[PDB]
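Everything below concerns the one structure shown next.
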Amino acid sequence: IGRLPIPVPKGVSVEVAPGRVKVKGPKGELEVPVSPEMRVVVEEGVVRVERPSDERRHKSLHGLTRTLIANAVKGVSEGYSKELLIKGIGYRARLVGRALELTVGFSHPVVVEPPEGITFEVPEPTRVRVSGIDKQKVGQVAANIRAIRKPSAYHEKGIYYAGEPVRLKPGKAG
Amino acid sequence: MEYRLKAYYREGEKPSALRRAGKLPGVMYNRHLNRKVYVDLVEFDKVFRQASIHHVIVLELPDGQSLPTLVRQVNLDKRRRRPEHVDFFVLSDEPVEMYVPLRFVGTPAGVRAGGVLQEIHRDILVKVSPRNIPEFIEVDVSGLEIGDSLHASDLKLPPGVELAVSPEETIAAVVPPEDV
Amino acid sequence: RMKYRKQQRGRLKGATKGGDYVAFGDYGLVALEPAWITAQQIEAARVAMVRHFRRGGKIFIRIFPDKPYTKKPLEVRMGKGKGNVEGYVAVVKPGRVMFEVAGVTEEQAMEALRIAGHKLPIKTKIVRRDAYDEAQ
Amino acid sequence: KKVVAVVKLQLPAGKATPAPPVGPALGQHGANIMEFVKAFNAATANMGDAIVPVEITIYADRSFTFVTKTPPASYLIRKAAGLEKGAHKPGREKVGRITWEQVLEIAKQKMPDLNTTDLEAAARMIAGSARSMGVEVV
Amino acid sequence: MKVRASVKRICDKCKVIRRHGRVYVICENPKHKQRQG
RNA sequence: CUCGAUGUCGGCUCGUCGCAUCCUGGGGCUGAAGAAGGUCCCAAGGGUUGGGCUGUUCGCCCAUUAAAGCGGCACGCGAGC
RNA sequence: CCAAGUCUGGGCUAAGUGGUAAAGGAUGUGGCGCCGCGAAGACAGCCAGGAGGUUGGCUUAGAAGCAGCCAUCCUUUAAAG
């Protein structure tokens with residue numbers, strides 16, 4: 001009925017492997033997992049997740065494999081870039097090539113090294129974030145950076161994903 | 001309106017097995033004639049539930065003998081309530097034993113006056129009027145504070161008049177939740 | 001608590017059911033699995049209700065603070081004539097008609113009770129009569 | 001920091017800078033005491049002793065005030081009526097009680113600004129907010 | 001915030017999050033770390 | 001059980017688990033600006049001074065300290081004082 | 001471990017509950033009755049408006065919903081706080 005519906009365009013290399021569905025698009029044959037009963041189809045332009053029963057575990061499973069491989073593919077069509085905005089009079093942003101940089105923790109040696117699909121975009125450096133390939137991996141790294149110097153809901157000099165409105169805890173007397 | 005499905009062996013044992021089934025024991029009684037029929041709970045209840053149908057009888061279809069009945073006695077099982085045995089009277093004509101639905105408007109002057117809240121003792125009435133009384137024996141009274149109380153006296157006996165209870169005693173009254 | 005002017009020393013031990021049930025306002029506490037209960041604690045619930053309510057609409061009652069218990073000494077050895085009377089309570093053991101009117105016209109009264117008891121001294125539930133009840 | 005929009009101010013016509021609603025109020029909220037106040041004088045000064053409510057700021061039409069708009073329900077009702085402050089307590093007290101016709105009449109009297117306006121709206125509102133304060137119907 | 005027992009949401013939009021039997025309420029209010037696991 | 005018998009205080013000497021953690025870190029929280037506080041969950045690793053007077057373990061006082069914790073084993077210890 | 005089915009049949013948990021405890025607290029899990037609803041085409045998702053006496057009681061420095069003790073209505077359709 002509705003918990004398994006997706007379209008598989010692009011001439012996507014959307015192909016079932018040995019326990020893993022290999023979704024190949026720009027570079028990575030993203031591994032979108034596969035459980036034994038789930039089972040799925042991809043014909044012409046239609047991509048469907050199967051439901052070998054209708055219990056709790058499966059139902060979720062459906063939502064999963066579905067949205068997931070869904071990902072795998074839409075992804076492979078593009079790649080995946082992360083929208084991160086650094087903002088803080090107490091911070092600098094520069095790529096250096098294959099590395100973090102940036103700081104508010106007054107002893108700037110902030111040397112990271114974009115794992116993979118991850119590339120660094122500093123055109124600012126306020127608007128400055130990353131690109132990846134792996135839906136999550138990207139999110140995760142972003143969090144890495146963010147958290148490592150970010151929080152501040154009362155006075156702020158931080159790194160913000162999209163830049164959520166974040167709290168505004170007043171201070172001394174007022 | 002109501003109905004039922006017949007018995008065989010009673011007093012207790014079998015009926016119990018019934019409860020099990022989903023049927024509680026039923027005593028079928030009329031002016032000096034009687035036999036046991038059985039209670040299929042679920043619906044039994046629904047109707048019962050009507051309550052207006054617990055005071056004011058209705059027609060029960062049993063084997064086709066469409067007849068008139070009211071509750072005259074019953075055993076609801078303390079341990080969870082519900083029953084231990086359901087008892088009714090099918091009635092010819094002479095209705096004297098009536099504890100029928102009682103309504104009244106306590107035309108505010110209580111909790112919207114002295115805060116006084118209205119306690120109801122009767123809510124219902126047991127008098128006479130052969131196979132003839134609705135779901136509303138009724139009365140009313142704005143007086144709702146001074147220590148005020150209304151009784152079987154003032155009463156106010158509509159249509160098929162017939163006080164079969166007492167020379168007063170009160171229907172209810174205004175209690176000071178906090179004075180007045 | 002209350003039992004003023006009693007008549008004797010004490011009761012003793014036993015118990016398994018009774019005869020509490022009806023209704024009486026339709027704001028009721030159906031005691032469920034118990035034993036005696038401190039006339040005081042009782043007062044607890046009393047209060048509890050009283051306050052929850054907007055502080056006036058009057059509740060009712062139920063089981064009385066009828067019995068007297070003794071821990072006997074204060075903590076000594078054990079042999080006195082079980083002397084001394086120290087606690088006074090109600091005695092309800094098989095789900096009972098704990099009767100609490102008030103005029104809250106609400107699951108509000110529900111609440112007040114709800115906890116007065118949830119607290120109280122045990123396992124119990126609450127409700128309203130629905131099999132009515134016929135007296136003389 | 002300085003929130004800019006019409007600031008509602010309930011005041012006493014003839015007067016000119018009510019401590020509570022116009023002293024600080026106008027000033028910091030988005031309006032202003034003595035000047036909004038005196039233009040006001042110019043105006044509400046001829047309608048002030050049964051409740052004078054107006055909303056003010058430096059607003060469109062390019063000016064200072066905004067809209068002088070009929071005394072609140074209950075305030076004008078009582079204010080035409082009789083006793084003093086709120087009935088200390090409404091509903092339970094039943095200390096202030098008006099009269100039908102009298103109601104429909106003052107009702108039409110000030111009626112103008114009435115929400116869409118009508119006899120029923122006027123008298124009915126009178127009873128409603130009237131009771132609201134302590135101005136019940138009797 | 002932890003309490004072996006009680007936890008009954010309150011940040012009003014306060015959430016019943018099952019985390020390893022961990023009876024934990026998640027919210028948007030530091031006040032509500034409802035940890036009763 | 002124990003009396004044809006099990007030597008009970010306190011203190012030494014040598015301790016050994018416990019955690020409801022004193023000090024140590026990890027922590028979400030604040031009525032958290034910093035700082036320093038207080039509030040709980042995780043974690044016993046190591047650490048967990050000297051005197052005074054009192055047969056007192058307790059305790060009060062002196063001077064420190066990261067701290068100078070509670071308590072299990074006949075309130076551990078006479079075949080060891 | 002040691003004699004004897006890692007029987008067959010239909011179920012439920014999955015925490016190892018086997019292998020110990022309460023008051024109590026819960027979108028656990030599974031099971032059955034009452035309500036509103038997909039064609040007065042639903043709900044979570046989501047557009048826009050979130051109304052005019054409402055902004056009436058003590059405090060009135062403020063209840064003039066969102067300080068607190070009383071009311072519990074009027075206009076008017078997003079429909080009605």
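So you can find residues: chains in the structure tokens are A, B, ... in the order shown, residues in each start at 1, and ligands are numbered from 1 in order.
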Kindly assemble as CSV a list of the chain D residues that lie within 6 Å of chain G, each paired with its nearest atom pair and their distance in Å to one decimal, using only C-alpha atoms (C1' of nucleotides), sorted first by chain and then by ascending residue number.
```
residue,atom,partner,partner_atom,distance
D:73,CA,G:53,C1',4.5
D:74,CA,G:56,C1',5.6
D:88,CA,G:57,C1',5.8
D:89,CA,G:70,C1',4.5
D:90,CA,G:71,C1',4.7
D:91,CA,G:71,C1',4.8
D:115,CA,G:52,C1',4.7
D:121,CA,G:75,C1',5.6
D:124,CA,G:74,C1',4.9
D:125,CA,G:74,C1',3.2
D:128,CA,G:73,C1',3.8
D:129,CA,G:56,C1',5.6
D:132,CA,G:56,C1',4.8
D:133,CA,G:56,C1',4.7
```
Checklist entry - Got a sec to tell me which of range 61-170 of chain B DSSP assigns to helix (DSSP H, G or I), as a ChimeraX atom specification? => result /B:110-114
Checklist entry - Once you count only C-alpha atoms, which residues of chain E turn out to be within 12 Å of chain A? Could you give them as a list in words? => result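 On the chain E side, the interface is residues 28, 29 and 30 of chain E.
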Generate the output file for the selected residues, C-alpha atoms, as a PDB file, in the first residue's frame.
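Just written: out_15.pdb:
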```
ATOM      1  CA  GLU E  28      13.528  20.804  24.192  1.00  0.00           C
ATOM      2  CA  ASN E  29      14.165  21.944  27.776  1.00  0.00           C
ATOM      3  CA  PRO E  30      17.393  21.113  29.715  1.00  0.00           C
TER       4      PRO E  30
END
```
Next on the checklist: For a quick check of understanding, using only C-alpha atoms (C1' of nucleotides), which of F:46, F:31, F:59, F:76 has the smallest distance to chain E?
Outcome noted: F:31
Next on the checklist: Using only C-alpha atoms (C1' of nucleotides), which protein or nucleic acid residues come within 12 Å of residue 150 in chain A? Drop anything in the same chain fewer than 5 positions from it, and give the result as number ranges by chain.
Outcome noted: A: 84-88, 90-91, 102-105, 142-145, 155-161, 163-164, 166
Among chain E, which residues does DSSP mark as strand (DSSP E or B) when it is run on the backbone? Keep the chain and numbering as in the structure and answer as a tab-separated table (two decimals) with C-alpha atoms, in the first residue's frame.
```
chain	number	residue	atom	x	y	z
E	2	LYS	CA	17.59	11.56	36.84
E	15	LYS	CA	8.83	12.91	25.00
E	16	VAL	CA	8.65	9.22	26.01
E	17	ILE	CA	11.76	7.78	24.43
E	18	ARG	CA	12.54	4.20	24.78
E	19	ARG	CA	16.26	3.73	24.81
E	22	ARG	CA	15.94	3.17	29.48
E	23	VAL	CA	12.76	4.95	30.33
E	24	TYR	CA	14.03	8.32	29.17
E	25	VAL	CA	12.12	11.50	28.20
E	26	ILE	CA	13.78	13.63	25.55
E	34	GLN	CA	13.78	12.67	32.26
E	35	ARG	CA	16.08	9.87	33.17
```
Item to check | Shell of 9 Å around range 6-17 of chain C, only C-alpha atoms (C1' of nucleotides), local chain residues under 3 positions omitted, as JSON, numbers by chain | outcome: {"C": [3, 35, 66, 67, 68, 69, 70, 83, 84, 85, 91, 92, 93, 94, 95, 96]}
Give me a file of those residues, with N, CA and C atoms, as a PDB file, in the first residue's frame.
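Contents of result.pdb, as written:
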```pdb
ATOM      1  N   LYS C   3     -13.143   7.622  66.532  1.00  0.00           N
ATOM      2  CA  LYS C   3     -13.734   6.394  67.018  1.00  0.00           C
ATOM      3  C   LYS C   3     -14.124   6.734  68.430  1.00  0.00           C
ATOM      4  N   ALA C  35      -6.394  -4.202  54.009  1.00  0.00           N
ATOM      5  CA  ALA C  35      -6.341  -4.540  55.432  1.00  0.00           C
ATOM      6  C   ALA C  35      -6.891  -3.338  56.237  1.00  0.00           C
ATOM      7  N   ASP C  66     -12.655   2.676  63.398  1.00  0.00           N
ATOM      8  CA  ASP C  66     -13.036   1.669  64.386  1.00  0.00           C
ATOM      9  C   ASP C  66     -12.110   0.816  65.296  1.00  0.00           C
ATOM     10  N   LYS C  67     -10.913   0.404  64.866  1.00  0.00           N
ATOM     11  CA  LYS C  67     -10.039  -0.455  65.694  1.00  0.00           C
ATOM     12  C   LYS C  67      -8.864   0.241  66.406  1.00  0.00           C
ATOM     13  N   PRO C  68      -8.288  -0.389  67.477  1.00  0.00           N
ATOM     14  CA  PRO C  68      -7.169   0.019  68.335  1.00  0.00           C
ATOM     15  C   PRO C  68      -5.995  -1.026  68.392  1.00  0.00           C
ATOM     16  N   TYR C  69      -4.750  -0.635  68.031  1.00  0.00           N
ATOM     17  CA  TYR C  69      -3.527  -1.508  68.015  1.00  0.00           C
ATOM     18  C   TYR C  69      -2.480  -1.010  68.935  1.00  0.00           C
ATOM     19  N   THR C  70      -1.638  -1.940  69.371  1.00  0.00           N
ATOM     20  CA  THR C  70      -0.551  -1.652  70.290  1.00  0.00           C
ATOM     21  C   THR C  70       0.765  -2.282  69.819  1.00  0.00           C
ATOM     22  N   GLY C  83      -0.521  -4.431  76.762  1.00  0.00           N
ATOM     23  CA  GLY C  83      -0.989  -3.122  77.191  1.00  0.00           C
ATOM     24  C   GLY C  83      -0.797  -1.985  76.210  1.00  0.00           C
ATOM     25  N   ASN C  84      -1.470  -0.867  76.479  1.00  0.00           N
ATOM     26  CA  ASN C  84      -1.396   0.346  75.656  1.00  0.00           C
ATOM     27  C   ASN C  84      -2.169   0.281  74.362  1.00  0.00           C
ATOM     28  N   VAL C  85      -2.748   1.407  73.967  1.00  0.00           N
ATOM     29  CA  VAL C  85      -3.498   1.512  72.725  1.00  0.00           C
ATOM     30  C   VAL C  85      -2.756   2.608  71.997  1.00  0.00           C
ATOM     31  N   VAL C  91     -10.927  -0.833  58.737  1.00  0.00           N
ATOM     32  CA  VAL C  91     -10.614  -2.200  58.344  1.00  0.00           C
ATOM     33  C   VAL C  91     -11.420  -2.567  57.098  1.00  0.00           C
ATOM     34  N   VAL C  92     -10.780  -2.541  55.924  1.00  0.00           N
ATOM     35  CA  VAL C  92     -11.421  -2.879  54.637  1.00  0.00           C
ATOM     36  C   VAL C  92     -10.399  -3.759  53.922  1.00  0.00           C
ATOM     37  N   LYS C  93     -10.821  -4.948  53.481  1.00  0.00           N
ATOM     38  CA  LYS C  93      -9.896  -5.884  52.815  1.00  0.00           C
ATOM     39  C   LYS C  93     -10.285  -6.387  51.434  1.00  0.00           C
ATOM     40  N   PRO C  94     -11.577  -6.345  51.093  1.00  0.00           N
ATOM     41  CA  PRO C  94     -11.906  -6.843  49.763  1.00  0.00           C
ATOM     42  C   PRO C  94     -12.507  -5.717  48.952  1.00  0.00           C
ATOM     43  N   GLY C  95     -11.686  -5.032  48.154  1.00  0.00           N
ATOM     44  CA  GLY C  95     -12.180  -3.935  47.337  1.00  0.00           C
ATOM     45  C   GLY C  95     -13.429  -3.320  47.939  1.00  0.00           C
ATOM     46  N   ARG C  96     -13.360  -2.070  48.357  1.00  0.00           N
ATOM     47  CA  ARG C  96     -14.539  -1.559  48.989  1.00  0.00           C
ATOM     48  C   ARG C  96     -15.032  -0.197  48.633  1.00  0.00           C
TER      49      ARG C  96
END
```
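Excluding residue 43 in chain F itself and any same-chain residue fewer than 6 positions from it, the protein and nucleic acid residues within 10 Å of it, counting only C-alpha atoms (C1' of nucleotides), are residues 21, 25 and 26 of chain F.
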Do you have, as a tab-separated table, the list of residues of chain G lying at most 12 Å from chain C, each with its nearest atom pair and that distance in Å to one decimal, counting only C-alpha atoms (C1' of nucleotides) and ordered by chain then number?
```
residue	atom	partner	partner_atom	distance
G:22	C1'	C:122	CA	10.2
G:23	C1'	C:122	CA	7.4
G:24	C1'	C:118	CA	8.8
G:69	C1'	C:54	CA	11.2
```
Writing out the chosen residues with C-alpha atoms (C1' of nucleotides) as a PDB file, in the first residue's frame:
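Once written, out_11.pdb looks like this:
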```pdb
ATOM      1  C1'   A G  22       6.865  -4.075  46.669  1.00  0.00           C
ATOM      2  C1'   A G  23       4.547   1.296  45.911  1.00  0.00           C
ATOM      3  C1'   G G  24       5.050   2.675  41.559  1.00  0.00           C
ATOM      4  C1'   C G  69      -9.388  35.391  44.709  1.00  0.00           C
TER       5        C G  69
END
```
